[PDB]
C-alpha cells in the first residue's frame, strides 16, 4: 500500500519536527493510531500510543502485516510494558516475533520470570544463569550460545524464537514460532 512520504519540517509550540503530513492523513483510512515515519524494505514500530509505519523504498508498506499489529495492539503494548521495552520493532520477516508475543501473553502467568538481561522468559521464578528446573520452559530467540554452544544448549538445532523445555541438562523444542 502506497502512502505519501514527503517530509515537512513543522513548527509546533516553539520546536521543529519532521512529519509526513500527507502520509499521516492517508493512514487514517486503515487505523486511528498509525503515524507515518521517516528513517529499504520497510518496518514498523509499536509505541505505547501508536504504530509507526516506515514505508519501503517504493513508499509502500505491507498492509496485511500492519493489520496484525493494528488489530492486536493492546496485547503488543502489554507485552512491551511487561518486558520493559519502550517500543518494539517489526519487519515483514518478524512474523515469528509477533507469533511469540501472542502465544506468550496468552500462556504466561504470575509465576513466570524474565531474564534480567533481555527478552527471554521462563516458566518459573527458580531460574538463574546456571540452573533451570526440569520441565521448566524458556521462550527466547537465542540458543546454543557462548563459547562452543555452552549456554542454553538444545537437543536439536533451534534457530529463532521458540519455546523449549529443560530436561537432563538441555533444552528440547516444543514450539517453533
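Residue numbers count along the first chain shown, from 1.
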property: Count class of deposited residues lacking coordinates, residue 147 to residue 148; result: none
property: Between the two ranges 162-170 and 8-16, the one averaging a larger CA B factor in the entry; result: 8-16
property: Between 56-64 and 113-121 (mean CA B-factor, as deposited), the higher; result: 56-64
property: Candidate residues 139, 46, 152, 38, the one whose C-alpha B factor the record puts highest; result: 38
property: Modelled-residue ranking by C-alpha temperature factor, third containing residue 101; result: lowest
property: B-factor third for the C-alpha atom of residue 85 within its chain; result: highest
property: Third of chain Cα B-factors occupied by residue 74; result: lowest
